[PDB]
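**Student:** Build me a model from this:
(11 chains, ligands or ions: 15)
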Amino acid sequence: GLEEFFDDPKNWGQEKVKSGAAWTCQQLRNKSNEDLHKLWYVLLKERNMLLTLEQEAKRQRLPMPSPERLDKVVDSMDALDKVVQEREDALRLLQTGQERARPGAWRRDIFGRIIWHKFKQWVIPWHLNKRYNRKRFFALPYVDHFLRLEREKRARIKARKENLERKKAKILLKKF
Amino acid sequence: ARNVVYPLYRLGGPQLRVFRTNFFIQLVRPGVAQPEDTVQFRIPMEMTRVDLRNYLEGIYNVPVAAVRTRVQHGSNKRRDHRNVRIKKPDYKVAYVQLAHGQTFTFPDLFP
Amino acid sequence: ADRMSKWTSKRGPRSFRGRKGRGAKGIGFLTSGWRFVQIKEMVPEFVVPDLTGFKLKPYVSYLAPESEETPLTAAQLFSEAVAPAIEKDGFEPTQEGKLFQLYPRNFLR
Amino acid sequence: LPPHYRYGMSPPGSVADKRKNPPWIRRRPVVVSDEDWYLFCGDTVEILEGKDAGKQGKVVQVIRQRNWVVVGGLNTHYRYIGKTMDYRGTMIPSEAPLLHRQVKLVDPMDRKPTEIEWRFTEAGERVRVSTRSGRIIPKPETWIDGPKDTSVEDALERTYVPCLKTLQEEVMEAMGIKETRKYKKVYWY
Amino acid sequence: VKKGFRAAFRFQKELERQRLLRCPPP
Amino acid sequence: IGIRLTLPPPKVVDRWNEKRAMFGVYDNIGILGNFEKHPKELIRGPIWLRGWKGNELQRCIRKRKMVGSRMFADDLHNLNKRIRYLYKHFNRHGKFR
Amino acid sequence: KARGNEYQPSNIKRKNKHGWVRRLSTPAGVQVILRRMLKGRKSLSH
Amino acid sequence: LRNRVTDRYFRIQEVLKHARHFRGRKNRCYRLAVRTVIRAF
RNA sequence: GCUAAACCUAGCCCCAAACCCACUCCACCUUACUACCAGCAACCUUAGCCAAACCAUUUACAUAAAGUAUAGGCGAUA
RNA sequence: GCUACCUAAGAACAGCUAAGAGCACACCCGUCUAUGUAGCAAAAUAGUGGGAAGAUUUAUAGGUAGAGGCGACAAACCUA
RNA sequence: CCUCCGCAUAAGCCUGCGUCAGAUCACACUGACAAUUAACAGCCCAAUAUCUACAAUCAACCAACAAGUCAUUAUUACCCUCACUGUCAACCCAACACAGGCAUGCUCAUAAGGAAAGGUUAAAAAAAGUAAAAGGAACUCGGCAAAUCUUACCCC
Ligand SMILES: [Mg+2]
Ligand SMILES: [Mg+2]
Ligand SMILES: [Mg+2]
Ligand SMILES: [Mg+2]
Ligand SMILES: [Mg+2]
Ligand SMILES: [Mg+2]
Ligand SMILES: [Mg+2]
Ligand SMILES: [Mg+2]
Ligand SMILES: [Mg+2]
Ligand SMILES: [Mg+2]
Ligand SMILES: [Mg+2]
Ligand SMILES: [Mg+2]
Ligand SMILES: [Mg+2]
Ligand SMILES: [Mg+2]
Ligand SMILES: [Mg+2]
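**Tutor:** Numbering: from 1, shown residues only, chains lettered A, B, ... in the order given. Ligands and ions are numbered 1, 2, ... in the order given. Sure, structure below:
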């Protein structure tokens, strides 16, 4: 029923509701793996409950009953996220021999800066796809003047800041 | 799930299933005097109507008869001290119509 | 005519508003009368487990013991998988013939 | 919060600091460190300079960004709290924050200001030790739940069999859901 | 802010010449 | 009006500094260190003008040649204008010619 | 006649003239995009 | 700026003290004053 | 006595030394910031203002030898 | 994206008399006068006018670019 | 009392007089909250060959010229089923709450839509308008303006 979006009517707006200690990550490495899926859908009913509470706090221009209680049901979601990828990053390193599930490449785009291209799941090999062949993945040496100038500027940003932090290492040391 | 690379399906492909649902909904009080048997949600931007269909019958065992959505535009007329515009987020709004004659009205929280 | 605002699906003409959409990750395809074909396999059917009779709750008590961070490395999994690999004294050679690929990833979340 | 924020007495996400540090102000920065920091939240200290010297009190707050202690009930002055209309309201003393080094930690059973080193001790391992005496000064410093909390006993069940079968399968077999269809090789490039 | 000191010192001899005229001494 | 009201903070010039008390020591390491080194190999500064006085146009021909290959990109283009301006000014303008 | 309205807007002409794909269609339009990357502009195209 | 003029106020009041009994804007404004206190001397 | 005045520290500059930058997730060459369908691809003398009182050949892009040999409407100049 | 010309496929043209016809709206242009001249407007307003089924008018996308474009040549027009 | 305006779509703009509240010509500005739901409209097409001489004009006579704005078949392939997006406003382009510019469909005079006057007095000069004895172009560069509807000719 639709009652599962709200808290029980015995705490409909007490302005203090106790709830404590979100799931830390070793409390889930503790747990098994059938019941991490089974606890994700526990945590999801309860987070959907709380987003419709604070959307009724702002609607009635009243403060939240306990704003301390969302970030526990999100940091545990983040922990429950973080605890399963570390398992999925464990055996994918173990079985197939490479981290970063999504395939990629170290590629140069048309502006000449080297980035991490990520791969895009096509149905024809790339030689015969019309759209992908229009993407220039290379240099064209009119760029290499502007590659130097944008390099040339980060060295003006880096030397502007490190030199500046010396003069707070100076004017601190004279007073004290 | 949102912000994830979906696999493809070609012809004899297996059914796409998503363990660990990434996107969350909130249930709001409508403004302009709905009928009964219509509960309005705040779906996230990426979600479909066949997704909120199987969201509620799957996770909440709720018998929805029709889902209808609109994309809501958040205001971009708001400036800070430095006059650059601060976008209140555009968000989605769904309108579940419940079946089986169940007369849902939004309960009055905060007595 | 502003450049600074994000180009959303609302802004162009009739032929522009209907192409773009939000990041909705659509389902089927379009057949010769604009008639849709909803593919039932490209829609994520949700797989919710049976939460009835369930001990674990959305919060842990405050009397729990505190722990130190120890991330789960690929050795730590293997040491608790080689204990049944010394009575010689479960692996997949290639991931082509498996329904759930690990490297060129198959599944969702 | 903006960079070069002034960490004043009221908290840095408060109603009151937004009257005082609105997002456009840049006052002159104040100068200050040394993570061997020897004042904590709850010690008993004293005051070496100012109004009411030699006077000893607890501390209520440590503000590290300006090297502040707020000594409890002490280095006080008087402000009118509330006041809410054209009347008085109630005068209540308020503690002005006292800077680090105008505050010295005291020895427990002699009660004198003493200077603190950190001496790494065999019982394990880091603790504050006084200089004029020995007398290792310490760190200073019922719940029951509601219905949406597990237990102490059941957050520690350790249900995990460490088998290598990638959760998506480990519920696919635990829920009985069968897929006779095989995924077929897509050009991932 | 100008780097001068003699400008600012010799100015407050003309603030004390202007203060003993308006609020004179006994 | 433009003149500041209260006196500035008084300046504390530590006259017997490390830098100040030992200023000019090891000058004359030529004439009484029997001519091993030179006082022009004591000057610390930019490598183009280390012990070379020069003029405003000469200070730019030497910078453009001694370090001019390894200069910053649009700082070099600035200097090649500056040489072209100070050549055009010293050899075509002025009184007294 | 009167003379302010020499900008009669459309988006099919704004993106087909000054848009990203037209700028990356020429060698000289890449150095247009590269100059606004170097100068630091928040808008590179239309 | 190396070497700004820090005491410009005191070259102004050397002139205007002999123009203080004038009438108009010449008893305040220095640009009009120095054309008249010079003609007064 | 209104308007106002006042202010030190954000920061910056010039060198010194050292060669510098890249990857949360998703998305981004179609109409960039768009999950998913059958084509070609870059390699080149700078020019001109200005000086010659015009302008037309020409006119600069460690120290020392040396502004020397040379070049040059044998002239500005190089 | 204005304007000159062109291309693709569009759209409009009442009512009366009887054809690059005539009267005449919608529409397009701008003859003459008056106002306005920091204006309502960086060329407008009120009349009055020329055309109004055509060598017309006009929306949409595309094309030609400066040593050039385009031009029923006014050395016009190509973002006041 | 005006309505020389309107109501939609297209194009454009992108929350821009909805609710609650705060301030300081006059009281669309600022803060919180909320809305525009698809049937309308976009977003289409399995290949390989192969088919299409007779405009439109009530399309019937009759008349043309400038010569025209809409068609398939053959065989092979084919069972998934209604998603995604636009939907608001007193709105755009002209620096402006700018007598200007702005495609189309109906309303061809209104069922929509608005207010020319802040209050007074009723000088000059100036703008527009209406009326005029007798005369009727005597005005002026010129019947320009206004009024009446009009004669014949020359040059180009
Ligand atoms: Mg010359
Ligand atoms: Mg023409
Ligand atoms: Mg005609
Ligand atoms: Mg006619
Ligand atoms: Mg020429
Ligand atoms: Mg001519
Ligand atoms: Mg509307
Ligand atoms: Mg204008
Ligand atoms: Mg009405
Ligand atoms: Mg009036
Ligand atoms: Mg008369
Ligand atoms: Mg006369
Ligand atoms: Mg006459
Ligand atoms: Mg005459
Ligand atoms: Mg006339």
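**Student:** quick one: secondary structure of residue G:13?
**Tutor:** Look at residue G:13: counting by DSSP: H, G, I helix; E, B strand; the rest coil, its state is helix.
**Student:** Please tell me how far it sits from RNA strand K.
**Tutor:** For residue G:13, the distance to RNA strand K equals 8 Å [Cβ to the nearest atom of the strand, to the nearest Å]. C-beta coordinates here come from the backbone N, C-alpha and C atoms, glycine included.
**Student:** ok, residue D:70 - how many residues close by?
**Tutor:** Residues lying near residue D:70 (other Cβ atoms under 10 Å in any protein chain shown) number 21.
**Student:** which residues touch the residue nearest the centre of chain E?
**Tutor:** What sits nearest the mean C-alpha location of chain E, by Cα atoms, centre = their mean, is residue E:12, with 2.0 Å. The neighbourhood of residue E:12, defined by Cβ atoms under 8 Å, 6 or more residues apart in numbering or on different chains, consists of F:5-7.
**Student:** again, only using 6 Å
**Tutor:** For residue E:12, the contact set (Cβ atoms under 6 Å, 6 or more residues apart in numbering or on different chains) is empty.
**Student:** Just read off the phi/psi values of the closest residue to chain H within chain E.
**Tutor:** With Cβ to the nearest Cβ, the shortest gap between chain E and chain H falls at residue E:4, namely 2.8 Å. Per-residue torsions, residue E:4: phi -70, psi 150 (degrees, to the nearest 10).
**Student:** And stretch C:53-62, end to end?
**Tutor:** Stretch C:53-62 has an end-to-end distance of 23 Å (criterion: Cα to Cα, to the nearest Å).
**Student:** no, scratch that, I was asking about stretch B:54-68
**Tutor:** First residue to last in stretch B:54-68 (Cα to Cα) measures 14 Å.
**Student:** mind listing what's buried in it?
**Tutor:** Counting neighbours by 16 or more other Cβ atoms under 10 Å in any protein chain shown, one finds that the buried residues in stretch B:54-68 are B:54-56, B:58-60, B:62, B:64, B:67.
**Student:** Would the biggest helix by length in chain F count as contacting chain A?
**Tutor:** When chain F is parsed with DSSP state H, its longest helix is helix F:73-90. Yes. Applying Cβ under 6 Å from any Cβ of the partner chain, one finds helix F:73-90 in contact with chain A at residue F:73.
**Student:** buried ones in that helix?
**Tutor:** So for helix F:73-90, counting by 16+ other Cβ under 10 Å, buried means F:79, F:82, F:86.
**Student:** before we move on, back to that, hmm, residue H:6 and the residue of chain E closest to chain H touching each other?
**Tutor:** Yes. The criterion here is Cβ atoms under 6 Å, and residue E:4 meets it with residue H:6 at 2.8 Å.
**Student:** For RNA strand K, what's its nearest residue on chain C.
**Tutor:** residue C:18 (2.5 Å; Cβ to the nearest atom of the strand).
**Student:** And that residue, how far from residue D:52?
**Tutor:** From residue C:18 across to residue D:52, the span is 76 Å (Cβ to Cβ, to the nearest Å).
**Student:** same thing with residue A:44?
**Tutor:** In terms of Cβ to Cβ, residue A:44 sits 57 Å off from residue D:52.
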